[PDB]
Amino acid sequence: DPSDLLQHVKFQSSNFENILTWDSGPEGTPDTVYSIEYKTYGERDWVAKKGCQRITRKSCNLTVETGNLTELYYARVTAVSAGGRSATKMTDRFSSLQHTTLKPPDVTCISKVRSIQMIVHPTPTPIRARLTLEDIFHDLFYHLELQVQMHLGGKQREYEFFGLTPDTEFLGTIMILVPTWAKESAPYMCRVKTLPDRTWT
């Protein structure tokens, strides 16, 4: 009756920071502790996560344990109640490349008199070799929109929207796309103003 002690056992994954999370089921019970193990898909042995043994907290950070971009993984949570009732439940198969959400990029929006400059910064990740999203996804590109709607895009870092009215407010949106993995970030947005045009006669 595992679903009565454990439910929603799943990795939450953003920019490759991978946190195992779960909740308690309907059948009880305030006197419960959890123990976490993980394994690589295609290997035999489960490994106990030090620091996530008989915990009462309902999450366990497994970022590094699941940080090999060539592997897939599973985790499992074993609940034990003070009365001795117990249940174990495993996650679905975890694929960091497929499953990890891309966060909005950090972007620098710079105002000029008749243009807005936008610099997309590379996204560092906890992947160790630290790799950026750009290093990981060869077909990553940026989609930039300036509402006045102008659009630009590409793999390069910096873009400048020209032909703008001075002393005027615009809204820019920048998103990361990885078309091959059907991945997209939510947009980063910047509301900025072109500089005044002080030209005299």
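In case it trips you up, residue 1 is the first one in the sequence shown, and so on.
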As recorded in the PDB entry, how many deposited residues are without coordinates between residue 148 and residue 149: none, 1 to 3, 4 to 9, or 10 or more? 4 to 9
For 158-166 versus 29-37, entry-based mean Cα B-factors point to 29-37
Can you tell me which stretch has the higher mean Cα B-factor, 113-121 or 78-86? 78-86
Out of 99, 103, 93, 130, residue topping the C-alpha B-factor column of the entry: 130
Among 186, 177, 192, 19, which residue carries the highest C-alpha B-factor recorded in the PDB entry? 186
Relative to the other modelled residues of the same chain, rank the CA B-factor of residue 47 and answer lowest, middle or highest third. middle
Ranked against its chain, the third holding the CA B-factor of residue 135: middle
